[PDB]
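Tertiary structure, described
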Amino acid sequence: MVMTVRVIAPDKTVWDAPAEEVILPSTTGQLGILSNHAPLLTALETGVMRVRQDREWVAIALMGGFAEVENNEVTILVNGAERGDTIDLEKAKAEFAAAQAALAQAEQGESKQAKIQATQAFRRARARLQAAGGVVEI
């Protein structure tokens, strides 16, 4: 009758609440899974997601992780979870700076594993960090 989404981390379990439709940015750009959906596995990157139980909606910031839906069972194995209470101004300035130096350093003779992943990770983290409700107006 309805879908059941649940988040999980490599350090422990987050929770498992119901849902009628989950919409969030995915590889292709758009990802819309429902209860009637079939059992399939997918991948997702850092960023916040929106959940619709019926008439209301909730926002949860989830970093890079894997998602898999099946029989109203969505397993989100993310490395980091946030209930929107992770907004930190100092975090945004630290993320942008840490990334700017991280990238420049990577090419200067440092850990240059993934330039796009490193820049997208920090950028996304900071973007969602404040977007969670840290800054609305100056």
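Every chain's residues are listed with numbers counted from 1 in the order the sequence is written; these need not match the entry, and residues without coordinates are not shown. Excluding hydrogens and water, the side-chain figures rest on all heavy atoms present in the structure.

As documented in the archive entry, the model was determined using solution NMR.

Quick look at the domain arrangement of the protein now. Each domain of the protein was delimited in the assignment, giving domain 1 (1–87) and domain 2 (88–138). Note on definitions: a residue-residue contact is assigned when non-hydrogen atoms from the two residues lie within 4.5 Å. Tallying the contact residues gives nine residues for domain 1 and 10 residues for domain 2. Approximately 840 Å² of surface area, both sides summed, lies buried where domain 1 meets domain 2, with 64% of it carried by carbon and sulfur atoms. Buried area counts how much accessible surface, traced with a 1.4 Å probe, disappears from two parts once they are put together, with both parts' losses summed. Of all residues in domain 1, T46, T86 and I87 bury the most surface against domain 2, accounting for 56% of the area lost on that side. Either an automatic procedure or a domain database provided the assignment from which the domain bounds are taken.

Before going further, it helps to spend a moment on the nonpolar core. Core analysis: the biggest nonpolar cluster contains 17 residues, and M3, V5, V22, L62 and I76 have the highest contact counts within it. Working definition: helices are DSSP H or I runs of at least four residues, strands are E runs of at least two. Numbering for both runs from the N terminus. If you list the elements that add at least two residues to this core, you get β1 (3–8), β3 (21–24), β4 (31–34), β6 (47–52), β7 (57–62) and β9 (74–78). Filtering out sequence-adjacent residues up to four positions away, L62 remains in contact with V7, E45, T46, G47, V48, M49, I76, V78, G80, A81 and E82. Here, nonpolar core refers to any group of buried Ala, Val, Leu, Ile, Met, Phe, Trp, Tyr and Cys residues whose side-chain atoms link them within 4.5 Å. Throughout this description, buried means an accessible area under 20% of the type-specific maximum (1.4 Å probe, protein chains only), exposed means over 50%, and partly exposed covers the range between.

What follows deals with the sheet that holds strand β10 (residues 81–82). We call two strands paired when DSSP finds no fewer than two bridges between them. Pairing is antiparallel in the open sheet, where five strands are placed in the order β4-β3-β6-β7-β10. Every interior strand has two partners, whereas the edge strands, β4 and β10, have only one.

Moving on to helix α2 (residues 115–131). By definition here, a helix of n residues has an expected span of 1.5 Å times n minus one. In this model, α2 (17 residues) spans 23 Å end to end at C-alpha, consistent with the 24 Å of a helix rising 1.5 Å per residue. The inward-facing, buried residues of α2 contact β6, β10 and α1 (89–109). Positive phi shows up at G133, right after α2, with a value of about 125°.

What follows covers the sheet that holds β1. Sheet architecture is open: five strands sit in the order β2-β1-β9-β8-β5, paired in mixed fashion. Strand pairing shows two members of the sheet lacking a second neighbour, β2 (13–19) and β5 (40–44), which therefore form its edges. The mean angle between the axes of side-by-side strands here comes to 15°, regardless of whether they run parallel or antiparallel. Alignment of β5 against strand β8 (residues 65–69), held across five bridges, turns out to be antiparallel. Only the stretch in contact is used when a helix axis is fitted, and all axes are lines through C-alpha atoms; the angle between N-to-C directions ranges over 0 to 180 degrees.

We now examine the environment of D88. Tracing the backbone through its elements, the reader meets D88 in the loop between β10 and α1. On a C-alpha basis, the gap between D88 and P25 in space is 23 Å, while along the polypeptide they are 63 residues apart.

Before going further, it helps to examine the pairing of β4. The side-chain alternation of β4 yields one buried face, formed by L31 and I33, and one unburied face, formed by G32 and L34. Alignment of β3 against β4, held across four bridges, turns out to be antiparallel. Residue pairing in the sheet places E21 in a bridge with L34 of β4. Counted along the chain from β3 to the antiparallel partner β4, the turn is six residues long, and its residue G29 has a positive phi close to 115°.

Structurally, the position occupied by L44 is in strand β5. Sequence separation between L44 and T27 is 17 residues; the distance between their C-alpha atoms is 6.6 Å. If sequence neighbours within four positions are ignored, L44 has contacts with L24, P25, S26, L31, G64 and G65.

Residues other than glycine predominantly adopt negative phi, and peptide bonds predominantly adopt the trans conformation. Backbone geometry at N71 places phi at a positive 50°, although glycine is not the residue there. On the secondary structure map, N71 appears in the loop between β8 and β9. In this structure, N72 is a non-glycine residue whose phi angle is positive, near 60°. Relative to the helices and strands, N72 resides in the loop between β8 and β9.

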